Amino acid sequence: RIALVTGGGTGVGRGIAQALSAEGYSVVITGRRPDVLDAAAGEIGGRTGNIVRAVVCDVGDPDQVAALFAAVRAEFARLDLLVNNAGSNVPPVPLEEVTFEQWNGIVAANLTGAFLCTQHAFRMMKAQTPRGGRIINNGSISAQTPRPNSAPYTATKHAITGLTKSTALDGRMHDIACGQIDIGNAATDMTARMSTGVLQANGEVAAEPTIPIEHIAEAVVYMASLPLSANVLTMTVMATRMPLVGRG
C-alpha cells in the first residue's frame, strides 16, 4: 500500500509516517527543509526496512504539489492513502494585529495545501485500478472551540471539516473515503507550546497537559487499516485534562 503524509518530517506527521511504515506501507513524506526530511526518511526506513521517500514540497504551491504527485505516481503507480497533515500557527497576537503575510501563510499551509493534495489524490485514486483510496485530514480541537487570539488558525481548521465532508461526499461513488482526526495537545516534549504556555478562555497564559504523539499515530493507523467500505468520518483524540468540554 502506498501512503503520502504531508508535513511528515517532524512532530505528529513523522510519528504517523513512522507507524505507517512499520505496518508495511511505502511512505512518502513532505516538508520544506531537506535536511530534516532526509534525516527522517533515513531513520524511519532505517528502523522498518521499508521504503521511505522524502519530497521537499510547499503544499501552498500548485506546481510543487503537482510535481510531488507526479513523482509518487512515477515511482509507485498508485496512491492508497493521503494524510493531509501540513500546517502551521500564527503567534497568538490580537486579531487586528495579524499581518496579511501571516494570514496568507496560514491559509496556504492549513487549507489551500490540504485542498490541492486532495485534488491530485482524487485524480490518482479515480484513475488507478483497483480504483479508490483514503484521505485523512488532520484537523484540530480548534475545529470545535477556539483559544483566544486564534481567528486564523480557528478559521482554517473549521474549513478543514468542511473539506472533509465535501470530500467524503464527492468521493463516495469512487471508493474514496475521507475522514478527519481532531487532535488535542499531542507533543513530543515539553518544548511544545502547551508546556510553554497557551491562552485560556480568560485570556491568561498557562501550561496544559499533553499526550505522546504515539497515540495519534496509533489512531491514524487504525483509521487507515479499515477497508475502503468502512470509514472513520471524524475522531477527536486529546489530552483528557485539557480544557474543552466546559464553558469558557
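One-based numbering along the sequence shown.
Of the two segments examined, 220 to 228 and 20 to 28, it is 20 to 28 that shows the higher average Cα temperature factor in the deposited entry.
When the two stretches 147 to 155 and 89 to 97 are set side by side, the higher mean Cα temperature factor goes to 89 to 97. Ranking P209, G184, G179, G45 by Cα temperature factor from the entry places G45 first.
For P130, the recorded CA temperature factor ranks within the highest third of the chain's modelled residues. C117 sits in the lowest third of its chain by CA B factor, as recorded in the PDB entry. When the modelled residues of the chain are ordered by C-alpha B-factor, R73 sits in the highest third. Ranked within its chain, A109 lands in the middle third, by CA B factor from the PDB record.
Ranked within its chain, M173 lands in the highest third, by CA B factor from the PDB record.
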